[PDB]
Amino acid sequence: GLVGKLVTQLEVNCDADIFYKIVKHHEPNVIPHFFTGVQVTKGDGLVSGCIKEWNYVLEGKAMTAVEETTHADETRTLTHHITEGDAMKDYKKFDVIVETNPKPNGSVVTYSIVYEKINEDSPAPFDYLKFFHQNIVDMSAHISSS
């Protein structure tokens, strides 16, 4: 089982398009972290994404990652493509996809971690899944109606 996907899906009381625009322009200050990096444009001058080098602390351990982020407004989807860092000691591929859709009924938010392990001895990224989950729960608790 070398190729796989972990998912955490949450219901949020908020319109999908609004919530996506919030997620797209926001990060969890309690968590030690910062980034440096650049904005990417499509060629008309308006940002289409970013490339960031993160310095962060996960389960007590300091780590780095380089991620390229792209977005698709029409499907309310953010994609983080990790190319380098501590995660690449365990994974050949590590992508994080964030989707927001309206309930058939507010909204449903889906974090997916699409991964390929280096070898069988690599863990699956349950530590990252819980991290992203708690971060989006925290951000969702500071948003409210009206």
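Residues carry their position along the shown sequence, with the first being 1.
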{"item": "Residues of the deposited sequence that sit between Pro28 and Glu27 yet are not modelled", "value": "1 to 3"}
{"item": "Gap size, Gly106 back to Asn105 (deposited sequence, no coordinates)", "value": "1 to 3"}
{"item": "Selected stretch [higher average CA B-factor]: 123-131 or 16-24", "value": "16-24"}
{"item": "47-55 versus 28-36 - greater average Cα B-factor per the deposited record", "value": "28-36"}
{"item": "Top residue by Cα temperature factor, when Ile82, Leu78, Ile118, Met63 are compared in the entry", "value": "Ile118"}
{"item": "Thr70 - which third its CA temperature factor falls in, relative to the rest of the chain", "value": "middle"}
{"item": "Chain third (lowest, middle, highest) by recorded CA B-factor, residue given as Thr110", "value": "middle"}
